[PDB]
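Enquirer: Before anything else, here's the structure in question.
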Amino acid sequence: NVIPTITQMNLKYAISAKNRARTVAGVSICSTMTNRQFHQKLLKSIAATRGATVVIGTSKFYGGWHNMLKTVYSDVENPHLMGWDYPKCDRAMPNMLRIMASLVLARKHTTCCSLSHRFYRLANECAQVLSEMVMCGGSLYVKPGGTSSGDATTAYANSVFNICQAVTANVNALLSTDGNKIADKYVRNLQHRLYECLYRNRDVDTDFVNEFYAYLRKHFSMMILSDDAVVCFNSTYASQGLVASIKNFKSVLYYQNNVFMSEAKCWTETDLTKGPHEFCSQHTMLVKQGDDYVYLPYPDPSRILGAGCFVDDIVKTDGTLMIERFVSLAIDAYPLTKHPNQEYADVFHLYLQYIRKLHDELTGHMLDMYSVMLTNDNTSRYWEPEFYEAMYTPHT
Amino acid sequence: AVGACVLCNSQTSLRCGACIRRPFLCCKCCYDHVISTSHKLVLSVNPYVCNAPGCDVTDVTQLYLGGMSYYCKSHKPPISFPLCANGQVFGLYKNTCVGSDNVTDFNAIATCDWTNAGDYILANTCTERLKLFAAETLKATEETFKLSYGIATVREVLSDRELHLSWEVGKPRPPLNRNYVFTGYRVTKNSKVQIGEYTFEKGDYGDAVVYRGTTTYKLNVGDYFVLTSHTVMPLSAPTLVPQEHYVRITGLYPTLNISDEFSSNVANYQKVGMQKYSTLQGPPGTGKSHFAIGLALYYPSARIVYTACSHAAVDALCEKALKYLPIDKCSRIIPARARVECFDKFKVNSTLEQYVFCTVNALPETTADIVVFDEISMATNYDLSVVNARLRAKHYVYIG
Amino acid sequence: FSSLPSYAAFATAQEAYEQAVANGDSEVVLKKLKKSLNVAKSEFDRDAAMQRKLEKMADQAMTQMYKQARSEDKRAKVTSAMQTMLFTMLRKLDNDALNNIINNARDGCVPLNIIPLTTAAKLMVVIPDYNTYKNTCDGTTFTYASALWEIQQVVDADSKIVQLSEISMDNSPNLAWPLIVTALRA
Amino acid sequence: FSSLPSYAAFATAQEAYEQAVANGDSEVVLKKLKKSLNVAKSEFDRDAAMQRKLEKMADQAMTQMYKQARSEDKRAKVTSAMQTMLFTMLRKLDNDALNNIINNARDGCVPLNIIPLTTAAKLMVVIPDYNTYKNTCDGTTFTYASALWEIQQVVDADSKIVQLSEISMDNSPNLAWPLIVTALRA
RNA sequence: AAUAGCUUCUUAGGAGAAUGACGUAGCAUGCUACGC
RNA sequence: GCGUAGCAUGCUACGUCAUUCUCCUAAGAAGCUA
Ligand SMILES: Nc1ncnc2c1ncn2[C@@H]1O[C@H](COP(=O)(O)OP(=O)(O)O)[C@@H](O)[C@H]1O
Ligand SMILES: [Mg+2]
Ligand SMILES: [Zn+2]
Ligand SMILES: [Zn+2]
Ligand SMILES: [Zn+2]
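Protein chains in written order, with the deposited numbering: chain A, 534 to 929; chain E, 1 to 400; chain D, 6 to 191; chain B, 6 to 191.
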């Protein structure tokens, strides 16, 4: 059967850089219980597999970012890492693609559940997450469509939709090419069979689907975290017209998402060494370390300084718990210590001197309130640059 | 569980258990309070009695800090330290209390029984913090004395308002006036339970008395009336605000010529606006409160509060104010008290009226432009602290 | 760990072991003193473990009571900390306009609405006395927040418009202060 | 622990052993007392460990019972709350017109939105500006969803009242928009 | 005042393993008192 | 040559104590990313 539900809507309270307020939808439990039981197995199996396209649940510490970056270059021919971003991804995704996502995630229970069972499950998910009865400020409303960001299957559904837009742009760019000027004798045949298998046929063609997918994985390697992509496309092709390009993504978003992705936000790096310009909001540098070269992620310094200087609660403003709230900031800001720009070199030692001063004033106040202190010595290991330098090595 | 040394204003974590109010004492201050006075009960974040089961060494001078738990000499842990040592007592912030020589006076105020003029004449002239402490402890002492006298019982049932009372033979009897109310406990065996509050009045003949209870309960022979308790809260605000002068008038706005029949007082009506606080001595039967209402006119829109100690006095003055002011005036005196009755004019709780007439017991905690206490000859340092605490105004004038 | 009981016993046992290995004793007494050494070491070790446990137990309270006291203190007295910090920063800003409006706001002349920005909008600031008046007012220009305003309609406290002539120290004491001035930005 | 049978036997065994050593007999009694105290301390370890296990076991069981009771209490309370809200909600809806339209429906199925749209007795218009005001709910009566309503109270954003006269094209700025105006079916 | 993922810290518990020490039983070897 | 006994030593099993390690659970406080 089906069970409509009500989902609230709350304003968020957190640092940012644009004066718009972002909302989040907290779905009602009677839906999360069932969705959890239905998807948990597949989801906990996606978040624990290293070395595949969908990279969720792979830390950047302990030599994880370097392994991501060296997997992406799965032996493509003339790399040119690119990117993109969808505008208003959460409020324009058409209903059809959300339904395709839910179907592809429900394509595993080929034997746990029967067919009518799968259909009522999908109808239930549609009426609970897709087109629900939002309750925004003491008064119900009706959502026209578009995903919501508080259910169970959110980041994975986004990853699926993302791969779908990428492959669609790829198909369009391969078809639209003239065809009589493609010099090679293989890819032209490939197009000539693609069109026929697309429109002049009705049933699956597993052999050809396999050939096309291998062609992709050899000229369009990806890396996807729910909408943040990085591609490593062969370049001679992409110039002859045989894989995607930012122009093609603009087109596909123009007739399937119904927005316009201006090319001022699609960075395109042409030197393979220096890594992706910006992925998941962490620029990437190449730093020598231990006789071999590794990639390191480093944040945007203004963000670290802001997160130290402005706190959301009044009790977080004293250096009682800060002696701990600062270790984490310093851990995230370590890689700046190998940057060549000097202020990027200093936003580390700032935190590092501040921790020491904090701890010294702490022992002062404590040895005043009583007169003794026994074994709070281990804190002599947070203000040395060795403990953190351990955190970006590959042993563990 | 910290506070300020009532003598040295440092942070301390101790209190005197034997002293009646248990005030915060700096380390050396408590050492001196405990060395030469019989008071030997000092409470830290936990009490200082030896935690050995059945060990009752309670003199702080005979204990030892053990590991986690203090103890007595016989039950002491293997290693520990003496508590009272080198003129100090081990307390939180041990090193950073200053400690002072106000020890003799504090000892006196702590041990005295107030039965001689020394305590009054001394509390009248000591230090402000010490003054307030003496006031609170005197209140609590007289309150505890209230407990000394005895209970009343019934002897014979006659009617609904004519009863014969029986005093517990051998104890001080209470004065039969409206200012005494008692809870009525009836003992079945098996449900010793209160019946309500009661007050008496000696009629034209004994031992018959006419009385009023808050409830219409049927009085049996198994009933009796026990005095109803009262406590004391601590106060912090000053008694007399430090005096200040100026060269202009601020917050108050003059008038041109209104009410010429209040003429001679204008010369003083200005200096009040010039100074922070002042007083008027009015010989018996003089033009006092005439000056009050006259200044109230002189500064019309300046919000004013009147207060006194006597309910009869505040009633008389609120009536006199009703005589000459726009009304447009409230006397929020008492809703359900004041056995001798008073105003039945306006609100008790709205905090809106310009000229608020109130009594110390029922003062709210609001602000105003000027407040005037009256009849200073009766109120005490405590009452002064309350009237300076609850309110806060620009200028203060006392008349008495 | 000197003052502890078993330090002495284990010390004397080790000392006797030394005195016997140096005294050239036999191997049977050597083994029995080895046993004595073992047992003394055992007892001293167990007691040391117990004491160390008591230490690490005390430190929890010693370091939690402090968090509690400090945190309740900070959370309690905040509405004054914010204002004090505000005025400290505002003195340290070292601007002129702010300083003029602040001094004026000190000695009486406070505005009744958001000072505007554009070159045409309303402003209504009170004036409590003639002294401050002639301090600020001049002809038709009423200087405030370091700008140039024009006086529009002086109003008494009884809604009685007055012109600019009557405002004179000798003529002052017959007006019912405080006036209310309106203006316009130049 | 002390109440165990081994306790007294062990204590008196060590005592009488020390007594016999103070008597200084032949070492066979030393061996016998060693054996006695050995087996005594063995069974003593046995029982001590048993009691040590028993403490933790009983305490686990007891905290478990506390948890069970807590869960059942909260569960019953929440069920009562849910039932109460359901019934007090139900006893409100206008049963007459609802019965009418549903029994009119050919199956007992009617899409939800028309349920309020045709049986509600209220209407909470919300207006963001004088213009849309002019063009939706002017005057004292208006028409919407094919029925005739009438104003009864116009509360602004500060939860105050606003007389129907105040809302005028030149009196727009003083009213803190939006303007939650209720109504009543008629 | 949502879903999910990673990571630093603290406490308690459990389990397991190593190590060392104590005690009981059994196994092996030697020396010697006694008995045949 | 055997056994009883004793001593000494090596080995095995068990039962205690302490130190370390490892892992797992639970509970809590703080940070970052979509
Ligand atoms: N300037 C005055 N002219 C006439 N009567 C006055 C004047 N000042 C005071 N009084 C009168 O004194 C009388 C009251 O004095 P009272 O208030 O009884 O004395 P006290 O207040 O000192 O105990 C009133 O009739 C009051 O008007
Ligand atoms: Mg008077
Ligand atoms: Zn002191
Ligand atoms: Zn005392
Ligand atoms: Zn004791």
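Positions of the beta carbon are idealized from the N, C-alpha and C atoms, including for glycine.
1. Return the CA-CA distance between residue 269 of chain E and residue 241 of chain E, expressed in angstroms with no decimal places.
2. Please report the distance separating the alpha-carbon of residue 329 of chain E from that of residue 307 of chain E.
3. At a threshold of 7 Å, does residue 360 of chain E count as lining ligand 5 (C-beta to nearest heavy atom)?
4. Listed from N- to C-terminal order along the chain, which residues in the region 55-87 of chain D have their beta-carbon within a distance smaller than 7 Å of any beta-carbon of chain A?
5. Let me see if you follow: with CB-CB separation under 8 Å, is residue 92 of chain E close to chain A or not?
6. Answer with yes or no whether the minimum CB distance from residue 902 of chain A to chain E is below 8 Å.
7. Tell me whether residue 7 of chain E counts as near ligand 3, meaning its Cβ is closer than 7 Å to at least one heavy atom of that ligand.
8. Report yes if the C-beta of residue 350 of chain E is less than 7 Å from at least one heavy atom of ligand 2; otherwise report no.
9. Shorter than 7 Å, the distance from the beta carbon of residue 110 of chain E to the closest heavy atom of ligand 4, or not?
10. Between the Cα of residue 351 of chain E and the Cα atoms of E:337, E:367, E:341 and E:336, which residue gives the shortest distance?
11. Suppose only complete runs of 3+ residues qualify. What are the beta strand (DSSP E) ranges in the region 137-225 of chain E, listed by chain order?
12. Taking 8 Å as the cut-off, does the region 175-185 of chain B touch the region 154-167 of chain B (at least 3 CB pairs, one atom from each stretch)?
13. Who are the Cβ neighbours of residue 612 of chain A in its own chain at under 8 Å, not counting the five residues just before and after it?
14. Following a CB-centred definition, is residue 289 of chain E positioned closer than 7 Å to any heavy atom of ligand 6?
15. Hey, is residue 361 of chain E's beta-carbon within less than 8 Å of any beta-carbon in chain A?
16. Could you check which residue in E:342, E:182, E:271 and E:51 has the C-alpha nearest to that of residue 246 of chain E?
17. Does DSSP put residue 598 of chain A in a helix, in a strand, or in coil?
18. Between the region 619-631 of chain A and the region 680-695 of chain A, can you find at least three pairs of beta-carbon atoms closer than 8 Å?
19. Quick check on this structure: which residue in A:539, A:826, A:920 and A:741 has the alpha carbon closest to the alpha carbon of residue 681 of chain A?
20. Checking contacts by CB at 8 Å: is residue 176 of chain D closer than that to chain E?
21. If contact is defined by three or more beta carbon pairs under 8 Å, each pair taking one atom from either stretch, is the region 143-162 of chain E in contact with the region 217-233 of chain E?
22. Could you tell me if residue 93 of chain D is buried or exposed, where buried requires 16 or more neighbouring beta carbons within 10 angstroms of its beta carbon?
23. For chain A, find out if any of its Cβ atoms is closer than 8 Å to the Cβ of residue 265 of chain E; answer yes or no.
24. Are there three or more Cβ pairs, one per stretch, closer than 8 Å when the region 822-831 of chain A is compared with the region 867-881 of chain A?
25. What three-state label does DSSP hand residue 134 of chain D in the structure shown?
26. Among E:281, E:78, E:283 and E:297, which one has its Cα closest to the Cα of residue 263 of chain E?
27. Is the beta carbon of residue 378 of chain E sitting closer than 8 Å to the one on residue 310 of chain E?
28. Classify residue 466 of chain E as helix, strand or coil using the three-state DSSP reduction.
29. Compare the Cα-Cα distances from residue 23 of chain B to each of B:124, B:150 and B:36 and report the closest residue.
30. Using the three-state DSSP reduction, which class does residue 801 of chain A fall into: helix, strand or coil?
31. Heavy atom of ligand 5 less than 7 Å from the Cβ of residue 71 of chain E, yes or no?
32. Quick one, which residues of the region 846-869 of chain A are near chain D if we go by CB-CB under 9 Å, in chain order?
33. To the nearest angstrom, how far is the alpha carbon of residue 916 of chain A from that of residue 885 of chain A?
34. In whole angstroms, give me the CA-to-CA distance for residue 365 of chain E and residue 333 of chain E.
35. Could you tell me the distance, in whole angstroms, from the CA atom of residue 735 of chain A to the CA atom of residue 553 of chain A?
36. Does DSSP classify residue 281 of chain E as helix, strand or coil?
Expert: On the basis of the supplied data:
1. Cα-Cα distance, rounded: 20 Å.
2. Answer to the nearest angstrom: the Cα atoms are 14 Å apart.
3. Checking every heavy atom of ligand 5 against the Cβ of residue 360 of chain E, none is found closer than 7 Å.
4. Listed by position along the chain: 60, 64, 67, 71, 72, 75, 76, 79, 80 and 83.
5. Closer than 8 Å to some Cβ of chain A, the Cβ of residue 92 of chain E qualifies, so yes.
6. Yes, residue 902 of chain A counts as interfacial toward chain E.
7. Yes, the beta carbon of residue 7 of chain E sits closer than 7 Å to at least one heavy atom of ligand 3.
8. No, the Cβ of residue 350 of chain E stays beyond 7 Å of every heavy atom of ligand 2.
9. Distances between the C-beta of residue 110 of chain E and the heavy atoms of ligand 4 include at least one below 7 Å.
10. Out of E:337, E:367, E:341 and E:336, the CA that lies nearest to the CA of residue 351 of chain E is found in E:367.
11. Runs of the beta strand (DSSP E) spanning 3 or more residues and lying entirely within the region 137-225 of chain E occur at 152-157, 163-167, 182-186 and 193-199, in chain order.
12. The region 154-167 of chain B, when compared against the region 175-185 of chain B, does touch it at the 8 Å Cβ threshold.
13. Residues of the same chain with a CB within less than 8 Å of the CB of residue 612 of chain A, apart from the 5 flanking positions on each side, are 606, 765, 766, 767, 768 and 805 in chain order.
14. Although ligand 6 was asked about, the structure shown includes only ligand 1, ligand 2, ligand 3, ligand 4 and ligand 5 as ligands.
15. So no, residue 361 of chain E is outside the interface.
16. The residue with the shortest Cα to Cα distance from residue 246 of chain E is E:271.
17. Here residue 598 of chain A sits in helix by DSSP.
18. Cβ pair count under 8 Å is three or more, so yes.
19. Checked all of A:539, A:826, A:920 and A:741; the closest Cα to residue 681 of chain A is A:539.
20. No - not a single Cβ of chain E is within 8 Å of the one on residue 176 of chain D.
21. Yes, the region 217-233 of chain E touches the region 143-162 of chain E.
22. It counts as exposed.
23. It does not: the Cβ of residue 265 of chain E has no partner Cβ on chain A nearer than 8 Å.
24. Touching, yes.
25. Coil at residue 134 of chain D, not helix or strand.
26. When only C-alpha atoms are compared, the closest one is E:297.
27. Taking 8 Å as the cut-off, the Cβ atoms of residue 378 of chain E and residue 310 of chain E count as close.
28. Only positions 1 to 400 of chain E appear in the structure, and residue 466 of chain E is not among them; the question remains open.
29. When only C-alpha atoms are compared, the closest one is B:36.
30. Strand, per DSSP.
31. True, at least one ligand heavy atom lies under 7 Å from that Cβ.
32. Within the region 846-869 of chain A, the residues whose Cβ lies closer than 9 Å to some Cβ of chain D are 847, 848, 850, 851, 853 and 854, listed in chain order.
33. Across the structure, residue 916 of chain A and residue 885 of chain A are spaced so that their CA atoms are roughly 6 Å apart.
34. Rounded to the nearest whole angstrom, the CA to CA distance from residue 365 of chain E to residue 333 of chain E is 14 Å.
35. One C-alpha to the other measures close to 47 Å.
36. Three-state DSSP puts residue 281 of chain E in coil, outside helix and strand.
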